[PDB]
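1. Here is my input; please provide its structure:
(one chain, ligands or ions: 1)
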Amino acid sequence: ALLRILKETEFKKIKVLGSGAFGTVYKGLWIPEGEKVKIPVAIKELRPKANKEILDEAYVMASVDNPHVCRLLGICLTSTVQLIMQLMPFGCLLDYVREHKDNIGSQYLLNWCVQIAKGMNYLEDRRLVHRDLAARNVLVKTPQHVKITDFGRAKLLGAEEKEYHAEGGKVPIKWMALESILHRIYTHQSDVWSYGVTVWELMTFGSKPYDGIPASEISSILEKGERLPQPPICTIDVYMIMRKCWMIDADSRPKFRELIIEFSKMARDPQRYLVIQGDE
Ligand SMILES: *CCC(=O)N1C[C@H](COc2nc(Nc3cnn(C)c3)nc3[nH]ccc23)[C@@H](C(F)(F)F)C1
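-> Residues are numbered from 1 along each chain as shown. Below is the structure:
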């Protein structure tokens with residue numbers, strides 16, 4: 001995987017797929033010059049660093065090559081910064097489970113957990129801390145295949161850095177580990193906490209975590225030992241894995257490599273671990 005540098009004439013926006021603080025994402029078409037191939041893409045236009053700085057960051061981001069991480073295919077530097085990324089046809093996993101909750105069986109749910117863990121482990125191998133993992137930021141290539149994406153909170157750790165110490169950026173409190181909330185510390189093990197919350201979202205078919213609790217109250221609730229409840233479809237074996245992801249000591253929590261193994265085992269006999277009517 002290498003970074004293509006794109007001219008404005010090489011791609012065209014087709015429609016909006018979403019937007020936020022980072023900017024706006026469009027569905028579009030990439031026609032590499034002279035190549036006679038139309039490639040469906042998602043174009044992320046951001047809302048200034050020197051071009052050389054932006055490119056160097058884009059080069060690193062484009063080297064991230066894993067089946068379960070959405071890849072940066074190219075970049076166009078004009079008045080605005082535009083990132084050309086793989087288009088995920090089915091949108092975010094959060095919307096997908098909400099929509100299709102009547103037709104989602106244990107096999108798909110457990111496979112998604114495996115895939116997200118595989119992607120996160122790859123990021124860890126690259127020393128990348130995601131810092132914003134949630135079902136809304138997992139995208140669907142096909143119902144059978146999902147990819148983690150990133151809208152700018154991810155950080156690369158230095159050779160000797162074991163943690164990221166954040167500044168004042170706004171934070172998704174209900175997905176964050178307690179040490180991130182209290183001390184702005186982020187590690188792969190804090191990503192594991194967020195992973196556990198993401199899995200809870202899937203197992204409840206897109207339900208809201210800590211529903212009707214103010215974000216400002218979350219740290220105190222977690223300090224008292226309260227955690228998200230066991231989803232109706234979850235056997236205790238699955239729930240206990242989620243609970244391990246939310247232990248106060250980051251090194252108590254499993255590693256993504258260990259989560260891959262445990263969920264892969266469960267995905268081999270899925271009806272044993274998730275209880276879903278009509279499944280199958
Ligand atoms: C649950 C969160 C959510 O839906 N979004 C939408 C966008 C995602 O931006 C991207 N979308 C897609 N594909 C897609 C979107 N909608 N459909 C029907 C398909 N592929 C992408 N590849 C990279 C980025 C993509 C973000 C938001 F709104 F923040 F921009 C979260």
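
2. ok, residue 166 - contacts?
-> 131, 180, 184, 185, 186 (Cβ atoms under 8 Å, 6 or more residues apart in numbering). Using the backbone N, CA and C atoms, a C-beta is placed for each residue, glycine as well.

3. A helix includes the first one, no?
-> Which is residue 131. No - Residue 131 is assigned coil when assessed by DSSP: H, G, I helix; E, B strand; the rest coil, not a helix.

4. next one: phi and psi at it?
-> phi 70, psi 0 (degrees, to the nearest 10).

5. ok, now the last one?
-> When quoted as degrees, to the nearest 10, the phi and psi of residue 186 stand at phi -130, psi 130.

6. what residues are up against it?
-> 129, 131, 155, 163, 164, 165, 166, 180.

7. which of the residues you listed lies closest to residue 16?
-> residue 131 (25.5 Å; Cβ to Cβ).

8. is it true that the closest one touches residue 154?
-> Yes - with contact defined as Cβ atoms under 8 Å, residue 131 counts as touching residue 154 (6.0 Å).

9. Just want to know which of the two has more residues nearby.
-> residue 131 (23 against 20; other Cβ atoms under 10 Å).

10. For that one, which non-adjacent residue is spatially closest?
-> The spatial neighbour of residue 131 that comes closest, neighbours along the chain excluded (Cβ to Cβ, 6 or more residues apart in numbering), is residue 153 at 4.3 Å.

11. Count residues in the vicinity of the one you found, would you?
-> 19.

12. List the residues that contact it.
-> 130, 131, 132, 169.

13. Of the contacts of residue 186, select the buried ones using a PyMOL command.
-> To isolate the buried members of these in PyMOL, using 16 or more other Cβ atoms under 10 Å:
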select buried, resi 129+131+155+163+164+166+180
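
14. Reformat the contacts of residue 186 as CSV; add secondary structure and distance to the ligand.
-> Shown next, in CSV, are these (DSSP: H, G, I helix; E, B strand; the rest coil; distance: Cβ to the nearest ligand atom, whole Å):
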residue, secondary structure, distance to the ligand
129, strand, 20
131, coil, 15
155, strand, 19
163, coil, 27
164, strand, 22
165, strand, 26
166, coil, 20
180, helix, 21
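
15. picking up where we left off before, what values do phi and psi take at the residue nearest to residue 131?
-> Dihedral angles of residue 153 (phi, psi; degrees, to the nearest 10) stand at phi -90, psi -10.

16. mind listing the strands for the stretch 1-150 of the chain?
-> 4-5, 11-20, 23-30, 39-46, 72-77, 81-86, 128-129, 138-142, 145-148 (DSSP state E, counting those that start in this stretch).

17. need the ones you listed in TSV with distance to residue 246, can you?
-> TSV is the format used below for those (distance: least, Cβ to Cβ, whole Å):
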stretch	distance to residue 246
strand 4-5	41
strand 11-20	27
strand 23-30	31
strand 39-46	31
strand 72-77	31
strand 81-86	31
strand 128-129	18
strand 138-142	19
strand 145-148	20
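
18. Quick one, which of those gets closest to residue 201.
-> Nearest to residue 201 among the strands of the stretch 1-150 of the chain is strand 138-142 (9.3 Å), distances taken as Cβ to Cβ.

19. Show me what the residue of the stretch 1-150 of the chain found nearest the ligand is bridged to.
-> Closest contact between the stretch 1-150 of the chain and the ligand, by Cβ to the nearest ligand atom, is at residue 18 (2.2 Å). Beta-bridge pairing of residue 18 under DSSP bridges involves residue 25.

20. per the record, what domains does the protein have?
-> 1-87, 88-280 (curated CATH domains).

21. ranking these by burial, who's on top?
-> Counting by mean count of other Cβ atoms under 10 Å, domain 88-280 has the highest mean neighbour count of those, with a mean of 18.
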